[PDB]
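# Fold and geometry: a report
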Amino acid sequence: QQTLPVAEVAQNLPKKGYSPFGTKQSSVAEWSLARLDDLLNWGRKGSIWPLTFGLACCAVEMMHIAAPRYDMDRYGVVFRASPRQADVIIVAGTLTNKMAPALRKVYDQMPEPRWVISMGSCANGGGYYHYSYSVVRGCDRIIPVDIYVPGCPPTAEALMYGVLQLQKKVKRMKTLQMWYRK
Amino acid sequence: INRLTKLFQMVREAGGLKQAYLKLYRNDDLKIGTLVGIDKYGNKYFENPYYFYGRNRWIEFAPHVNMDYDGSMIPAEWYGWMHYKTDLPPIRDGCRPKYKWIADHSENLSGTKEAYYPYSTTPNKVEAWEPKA
Amino acid sequence: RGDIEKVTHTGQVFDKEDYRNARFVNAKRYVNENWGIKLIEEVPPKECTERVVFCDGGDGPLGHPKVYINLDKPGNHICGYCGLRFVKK
Amino acid sequence: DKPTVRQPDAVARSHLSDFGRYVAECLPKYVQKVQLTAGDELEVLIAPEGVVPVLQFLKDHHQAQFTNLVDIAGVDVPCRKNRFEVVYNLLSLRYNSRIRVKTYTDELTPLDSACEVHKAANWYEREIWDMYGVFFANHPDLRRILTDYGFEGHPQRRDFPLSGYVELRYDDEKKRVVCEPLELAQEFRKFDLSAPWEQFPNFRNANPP
Amino acid sequence: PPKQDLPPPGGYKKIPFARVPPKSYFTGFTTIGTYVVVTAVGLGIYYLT
Amino acid sequence: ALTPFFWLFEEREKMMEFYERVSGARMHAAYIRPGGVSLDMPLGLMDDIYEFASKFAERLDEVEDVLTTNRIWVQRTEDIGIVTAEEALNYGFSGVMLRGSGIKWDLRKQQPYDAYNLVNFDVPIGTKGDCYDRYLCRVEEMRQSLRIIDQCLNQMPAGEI
Amino acid sequence: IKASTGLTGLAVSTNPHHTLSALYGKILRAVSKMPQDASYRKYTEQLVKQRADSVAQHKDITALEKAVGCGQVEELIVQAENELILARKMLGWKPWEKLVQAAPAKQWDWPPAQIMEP
Amino acid sequence: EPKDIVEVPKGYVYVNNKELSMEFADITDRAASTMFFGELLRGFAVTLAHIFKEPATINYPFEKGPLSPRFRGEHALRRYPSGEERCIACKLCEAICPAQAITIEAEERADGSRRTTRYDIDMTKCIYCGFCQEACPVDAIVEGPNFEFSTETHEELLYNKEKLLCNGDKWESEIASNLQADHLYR
Amino acid sequence: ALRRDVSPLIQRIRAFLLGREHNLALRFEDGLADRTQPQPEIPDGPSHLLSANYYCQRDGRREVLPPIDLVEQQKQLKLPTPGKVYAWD
Ligand code: SF4
Ligand code: SF4
Ligand code: SF4
Ligand SMILES: [Zn+2]
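Residues numbered from 1 in each chain as written, not as in the entry; some residues may be left out. Chains lettered and ligands numbered in written order. Part of a larger assembly, values for the part shown. Heavy atoms only, no water.

The PDB entry lists chain G under the name NADH dehydrogenase (Ubiquinone) 13 kDa B subunit, with Drosophila melanogaster given as the organism. For this structure, the PDB entry title reads "Drosophila melanogaster complex I in the Active state (Dm1)". UniProt lists a comment for chain G under the heading Subunit (unreviewed entry), and it reads "Complex I is composed of 45 different subunits." Here is the UniProt Function (unreviewed entry) comment for chain G, exactly as written: "Accessory subunit of the mitochondrial membrane respiratory chain NADH dehydrogenase (Complex I), that is believed not to be involved in catalysis. Complex I functions in the transfer of electrons from NADH to the respiratory chain. The immediate electron acceptor for the enzyme is believed to be ubiquinone." (UniProt positions renumbered as here; feature names shortened; annotations may be inferred.)

Chain A goes by LD31474p in the PDB entry, where it is assigned to Drosophila melanogaster. UniProt, in its Subunit (unreviewed entry) section for chain A, records the words "Complex I is composed of 45 different subunits This is a component of the iron-sulfur (IP) fragment of the enzyme."

## Here we look at the overall build of chain G
Regarding its fold elements, chain G presents four helices and zero strands. Going residue by residue from the N terminus, the α and β elements of chain G occur as α-α-α-α. Here the C-alpha atoms of chain G give a radius of gyration of 21 Å, more than 25% beyond the 13 Å that 2.2 N^0.38 yields for 118 residues. When the backbone C-alpha atoms are referred to their principal axes, chain G occupies close to 70 × 35 × 25 Å. Among the 118 residues that make up chain G, the fraction classed as buried is 40%. Expressed as a percentage of contacts within chain G between residues at least 6 apart in sequence, the contacts between residues at least 24 apart total 60%. When the accessible surface of chain G is split by element, carbon and sulfur atoms take 56% of a total near 6,600 Å². (Helix = DSSP H or I, 4+ residues; strand = E, 2+ residues; numbered from the N terminus. Rg over C-alpha atoms; globule rule 2.2 N^0.38 Å. Buried < 20%, exposed > 50% of the residue type's maximum accessible area, 1.4 Å probe, protein only. Contact = heavy atoms within 4.5 Å. Areas by Shrake-Rupley, 256 points an atom, 1.4 Å probe, with all protein chains shown as cover.)

## What about the sheet that holds strand β1 (residues 34-38) of chain B?
Residues and elements named next belong to chain B. Spatially, β1-β2-β3 is the arrangement adopted by the three strands of the open sheet, whose pairing is antiparallel. Each edge of the sheet is formed by a strand with only one pairing partner; in this case those strands are β1 and β3 (57-60). Geometrically, the sheet is characterised by an average inter-axis angle of 30° between neighbouring strands, direction not taken into account. Relative to β3, strand β2 (residues 44-47) runs antiparallel, the two sharing four bridges. When the bridges of β3 are listed, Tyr 45 appears paired with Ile 59. (Pairing = 2+ DSSP bridges. Axes fitted to C-alpha atoms, helices over the stretch in contact; angles between N-to-C directions.)

## What about the sheet that holds strand β5 (residues 85-88) of chain C?
Sheet strands line up and pair through hydrogen bonds in the backbone, either parallel or antiparallel. Residue and element names in this part refer to chain C. Within the open sheet, the three strands sit side by side as β1-β5-β4. Their pairing is mixed. Either end of the sheet is taken by a strand with one partner, and the two such strands are β1 (46-48) and β4 (77-78). Sheet topology places β4 next to β5; two bridges connect them, and they run antiparallel. Directly across from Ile 78, in β5, lies its bridge partner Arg 85.

## Examining the site of ligand 1
In the vicinity of ligand 1, the contacting residues are A:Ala56, A:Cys57, A:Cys58, A:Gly93, A:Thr94, A:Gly120, A:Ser121, A:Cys122, A:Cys152, A:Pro153 and F:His28. Neighbouring residues of ligand 1 are not confined to a single chain but are spread across chains A and F. A breakdown of the residues in the shell around ligand 1 according to their chemical character gives six nonpolar, five polar and no charged. (Near = heavy atom within 4 Å. Nonpolar A, V, L, I, M, F, W, Y, C, P; charged D, E, K, R; others polar.)

## Structural notes on unusual backbone geometry
Each neighbour pair has its own omega, and for A:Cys152 with A:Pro153 the value is -5°, a cis peptide bond. Looking at where A:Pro153 falls in the secondary structure, it is placed in the loop between β3 (147-149) and α6 (156-171). The linkage connecting G:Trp110 with the following residue, G:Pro111, adopts the cis geometry, with an omega of 0°. Summarising the element assignment, G:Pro111 is placed in the segment after α4 (73-93). Positive phi, close to 60°, is recorded for F:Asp79, a residue that is not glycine. For F:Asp79, the position within the fold is in the loop between α3 (71-77) and α4 (85-90).

## Considerations on the coordination of the zinc ion (ligand 4)
All names here are of chain C. Protein coordination at the zinc ion (ligand 4): the donors are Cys 55 (SG), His 64 (NE2), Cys 79 (SG) and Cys 82 (SG), at 2.0 to 2.3 Å from the metal. Here the zinc ion (ligand 4) binds four donor atoms, and the angle range of 69 to 128° at the metal identifies the geometry as irregular. In primary-sequence terms, the residues that donate to the zinc ion (ligand 4) follow C-x8-H-x14-C-x2-C. Of the two residues, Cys 55 sits in strand β2 (residues 52-55) while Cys 82 sits in the loop between β4 and β5, which places them 27 residues apart along the sequence. Taking the relative accessible area as the measure of exposure, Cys 55 reaches 5% and is therefore buried. Its relative accessible area of 3% is what places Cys 82 among the buried residues. (Donors = N, O, S within 2.8 Å, 3.2 Å for Na, K, Ca; no water. Tetrahedral: all angles 85-135°; square planar, octahedral: opposite > 155°, others 65-115°.)

## Some remarks on the site of ligand 3
Near ligand 3, the surroundings consist of H:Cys87, H:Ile88, H:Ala89, H:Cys90, H:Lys91, H:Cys93, H:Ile104, H:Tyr119, H:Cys136, H:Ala140 and H:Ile141. Partitioned by chemical class, the residues of the shell around ligand 3 number ten nonpolar, no polar and one charged.

## What about helix α5 (residues 161-170) of chain H?
Summarising burial for α5(H): ten of the ten residues are buried, a large majority. Along its buried surface, α5(H) packs onto α3 (76-82) of chain B together with β2 (75-77), β4 (114-122), β6 (158-159) and α6 (172-182) of chain H.

## Some remarks on the packing of aromatic side chains
Here the distance between the centres and the angle between the planes together describe a pair of aromatic rings. One pass over the full model with this rule turns up 50 aromatic pairs over all chains. When the centroid spacing of 5.8 Å and the interplanar angle of 50° are considered together, the rings of E:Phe29 and H:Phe24 count as tilted. With one member in each of two chains, E:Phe29 in helix α1 (residues 28-48) and H:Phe24 in helix α1 (residues 24-36) form a pair that bridges those chains. Given a relative accessible area of 46%, E:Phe29 falls into the partly exposed group. The exposure class assigned to H:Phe24 is exposed, which follows from its relative accessible area of 59%. (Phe/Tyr/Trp six-rings, centres within 6.5 Å; stacked < 30°, edge-to-face > 60°.)

## A look at helix α2 (residues 51-60) of chain D
Burial analysis of α2(D) places ten of its ten residues in the buried class, the great majority of the element. For α2(D), the complete set of buried residues consists of D:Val51, D:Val52, D:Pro53, D:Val54, D:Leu55, D:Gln56, D:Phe57, D:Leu58, D:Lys59 and D:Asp60.

## Looking at the interface of chain B and chain H
By a frequent convention, interface size equals the accessible area lost on bringing the separate parts together. Contacts between chain B and chain H engage 45 residues on the former and 50 residues on the latter. A combined buried area of about 4,100 Å² lies between chain B and chain H, and 56% of that area is made up of carbon and sulfur atoms. Three residues, B:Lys85, B:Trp101 and B:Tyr116, lead the burial of chain B against chain H; their summed loss comes to 19% of the area buried on that side. Applying the counting criterion to the chain B and chain H interface returns two salt bridges. The partner of B:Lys31 in a salt bridge is H:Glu63, and the shortest N-O contact between them spans 2.4 Å. Applying the counting rule to chain B against chain H returns 19 residue pairs in polar contact. (Buried area = accessible area lost by both parts, 1.4 Å probe. Salt bridge = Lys/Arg side-chain N within 4 Å of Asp/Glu carboxyl O. Polar contact = N/O pair within 3.5 Å; in protein donor to acceptor, adjacent residues only side chain to side chain.)

## Some thoughts on the packing of helix α2 (residues 45-67) of chain F against helix α2 (residues 38-49) of chain H
One way to put it is that α2(F) packs onto α2(H) with a least axis distance of 8 Å and a crossing angle of 140°. When the axis of α2(F) is compared with that of α2(H), the two are oblique. When the axes of α2(F) and α2(H) are compared, the crossing they make is left-handed. Of the residues in α2(H), those touching α2(F) at F:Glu62, F:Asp65 and F:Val66 are H:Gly43, H:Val46 and H:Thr47. For the contact of α2(F) with α2(H), the class distribution of residues is two nonpolar, two polar and two charged. (Parallel < 35°, antiparallel > 145°, perpendicular 65-115°, else oblique. Left-handed = near helix turned anticlockwise from the far one by under 90°.)

## Examining the packing of α2(D) against α4(G)
Two measures define how a pair of helices packs: the angle their axes make with one another and the distance between the axes. Running from N to C, α2(D) and α4(G) point in directions that differ by 155°, and their axes come no closer than 9 Å. It follows from the interaxial angle that α2(D) and α4(G) lie roughly antiparallel. As for how α2(D) packs across α4(G), the hand of that crossing is left-handed. Where α2(D) abuts α4(G), its residues D:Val52, D:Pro53, D:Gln56, D:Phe57 and D:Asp60 lie against G:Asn82, G:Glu83, G:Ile85, G:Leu86 and G:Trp93.

## A word on the arrangement of the chains
The interface with the highest contact count, out of 23 pairs of chains in contact, is the one between chains B and H. One thing to see here is that chain C and chain F don't touch, and their nearest C-alpha atoms sit 17 Å from each other. Spatially, chain B is disjoint from chain G: no contact exists, and the shortest C-alpha separation is 40 Å.

## A look at the environment of A:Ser19
Residues and elements named next belong to chain A. Structurally, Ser 19 is set in the loop between α1 (7-10) and α2 (28-46). Residue classification places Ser 19 among the buried residues on the basis of a relative accessible area of 14%. When the C-alpha atoms of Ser 19 and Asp 38 are compared, they prove to be 6.8 Å apart, with 19 residues separating the residues in sequence. In this structure, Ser 19 is in contact with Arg 35 and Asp 38, ignoring residues within four places of it in sequence. Of note is the side chain of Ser 19, whose polar atom sits 3.3 Å from the backbone nitrogen of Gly 22.

## A few points about the side chain of B:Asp70
Within the secondary structure, B:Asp70 sits in the loop between β3 and α3. Classification of B:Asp70 by relative accessible area gives buried; the value is 7%. Setting aside anything within four residues of it in sequence, one finds B:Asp70 in contact with A:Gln165, A:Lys168, B:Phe61 and B:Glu107.

## With respect to the pattern of salt bridges
According to the stated counting rule, one finds 76 salt bridges over all chains in the structure shown. Between A:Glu112 and A:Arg114 there is a salt bridge, with the nearest N and O atoms lying 2.5 Å from each other. When its relative accessible area of 56% is taken as the criterion, A:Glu112 is described as exposed. Its relative accessible area of 18% is what places A:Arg114 among the buried residues. Taking the shortest distance from any N to any O, the salt bridge between F:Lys55 and F:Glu51 comes out at 3.1 Å. Highlighted residues: F:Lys55 and F:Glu51, both in helix α2, separated by four residues, approximately one helical turn. Note on F:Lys55: relative accessible area 21%, which makes it partly exposed. What makes F:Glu51 buried here is its relative accessible area of 19%. Through salt bridges with shared partners, a single ionic network connects H:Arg79, H:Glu84, H:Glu85, H:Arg109, H:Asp111, H:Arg115 and H:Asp169.

Rendered as structure tokens:
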């Protein structure tokens, strides 16, 4: 595994910079799109609206992320009810067969760009009920998953770390910069 | 009523309004604390009992990161001290081991060319007869 | 890269023609470098005088169960759990 | 004298023993057997037809007043000819006591619903039909309560595979979730947890023919 | 120094559990009486305006 | 109403540190086991259990001020969902639903199974069998439970787990 | 008169002495129709006398409840309304007869599925 | 104070028992609150008061925790100070794992020591119960302090031995400190 | 001094609003117990005695007997009630 740089070696490395695309763009047009691409990502990154799914006993720890101790809202994360206004879905709990068509539909109704987070073992791979006769073995069978948060339930910080991974994943989208090459 | 006197002080160790602003822009907060120690990778660990329990001990990430700070950059030496598992920083305890096979810390590398990928660790069991010889 | 062709301590590796290497084109194959078979081999044996000795992994309740070894034979004797070697001379 | 062993509650044992006999005289037609469990809990084994009568008797009689019906558990035992057993757990607030009524039924034979006596058994009976497949005659509207819509079979019978026969997946051709024959990446690894040496000798000769 | 988590020598103090109601400053007559006075003065100053 | 959710889930967060500190998991402790609990409490836990309890009365009072006597709260609960006593028994009801409608029943008192023998506490009862009194029963149960901890913390012996 | 019964949906009873007396009177008539050797007839007939006389013996409902125990007078009525239903229903089932269904072999055997050696 | 509609026995508390007084002194008191929003007034004082408290938020990730040494997190295969792996493929952990998340295949090593050629944990099936670390007779498998290992792919959550061994080296210092401070209880 | 709390004036103002003296919810290092504590010496059990501790007496599993049949065990050998009356009212 790639280990972190030592202090002395890191003592020379240049400051990272904010944009993951750097300021090394050859042309003006490319550079403007790169900077303009950051503006989109800065927007979507800032305000990520979950859907308030809350299926099973991960759902309780999905409340304590909104509790004052950790305060999801500090990061611009605001819970919402309608899937139209919701941007992210946190599938937290055991997605049984009876639910499975309902999650698919609710996910479909969510407008793009939509990212899915899988909370806990139940939604990751079927978890403790993996072999049950009425459990979908992981929600990735039904909807694409963008971040997997392990745990049972994941700690509140663990989910917070998951959300920040989604911000970083959002931060590095190349929606515009890849249109130029296309 | 007198928090300004604290506020001016935070600037002085910060290094003027210019460095104070960058601190506020980075850590989202200005706090007074005593430097407990420095890890191998440059992170500086602070402590101040003045604040309440959760916010009592905090970490400054290495400058070169500048926005990619992760919760996973904390090396295992300071990890216990940072989550209040112990009250003793790594410098102040001699019970830490120094085995030759220990490894330097690493981030969580996902969505990267350096990520993990599982593979079966057993060579295949059944050998097929070779006709050529 | 190098890691693809590296052979793990358990002795497994995908053949250069095996398709399963496809999984590593966008990821890495961590092969642990601290092979236990060599590190234990490095530690020298312990000379004893008594006919039977015990190893507990070295740290009592944090070690492995206490097992006794008989040193009558010439060859240095391995502990089942920790792999340490003992010898009487 | 010995702390680990649980101390039996003799006073509660004494009352249940005598009242256990009392039921046997009042309901000879239905009460096949009455036995006091090792947990100092009373069990009343009735014939299949005596469900509604016996339940009514315990709820309405002055001495019983088992007003509160707590559960209806179903047990599947393929060995027996009437493989399905149904157990009622009743509570009597006025007398502060619990009694169990058991009955047996086959795969097909219906079992008289007890919504009348205790209409708390509206859903419990629905569950039993769904899980095991025991039909309850005269029920208001029998219908699956737990399993998926159109789920075929009755999962909690011991003769039903643990993982079921069919999984679910999303098929982007059909724009909907589809069911396929089951296919597990890793099988359920059995473990043979069988002791070769009998440990409880008291039950070796129990239940003479 | 105890070797097990135990109550201290002499035990913990009593834990408050009862309900304590907050301070009451206003009664029916004082509230109704004040309002009329406040309105009356309000009309008095309104007239001058 | 929103604030009671946050004012209480702040205390809930402190409480699940005790789960985390004895079992190692904030939820699903898997701590109680047939032979008794799986580990002794950590040294110095009970001091922090006391510290939480000593302050919990104030937290519940502030929510009570904003909710119990609120005119709007009463209207949203009063006379909504009435459960007559004779109906409840026939239904298999239990717990606060049973005591909400005036039945004096609590398994801790009638069929004690643990240190409940060795402690003394009251049981809340409601007369109207609506949502509002049932709500009051839940709040009152939280007062009495805070009383039981006062006796557990003082009467705890020393012995095997 | 009790101000309130204390139970939601249970109303204070006017002339509980009359209502109980009628109900106990009705029960003894329904029970009378049952065969003499029926054990149920022997018990309720014995029981209802013990309740019935106390209803007439005492004229103060508070004293009545102590004399009988077994809950408030309102509940005493609620009880009495049941054995009418039970006694009436049970004249149709005829439970005193012999066992309707002889038990099958091994139908109450635990633990199950063991070879039995003759 | 008004009276109670139902007399209360011992060891019981009532929530709505007191009746409502009908004296003008009290009716006016109820009327005044019902008429000038008196009940809601104190409700507004309380909420405003909370503006003047330090909020309980933690500036994660710069500040975080607190936890305890018993915390159950990511797994890791420890090894002896010699460097040799502790695990001897006894397979107690596999047999006790409630989720059947563990798969082990063992073989007589070249030097002749009982060891694993395979040790896989399916982290999307584990429940972090901790029975594996209680059953291991040589403390080989432990649930390390780490709880920040979310990935972007399902496959990366299936740990094989090399991944588990790497964790046991990255996290070795902290695990050895937790075991020392906690083994006596266990 | 030791607590990061708002100035004296606001504390009075906050105290007035709540209608009661306020105890700060937030936990401070001084109030709690130290996170690194001495190690325990958990006591033994009642049956760690070295003698007269035969499992054949202490054991409970082998003492449970099958269910007892109430009707027959008389034959081989105030009206009754399930238990003791309770005033659930
Ligand atoms: S993963 Fe664990 S905590 Fe989450 S819903 Fe499943 S069982 Fe509950
Ligand atoms: S923590 Fe529990 S479920 Fe997870 S691997 Fe260990 S034994 Fe299995
Ligand atoms: S219990 Fe421990 S020693 Fe046994 S197989 Fe599991 S990890 Fe290895
Ligand atoms: Zn050894």
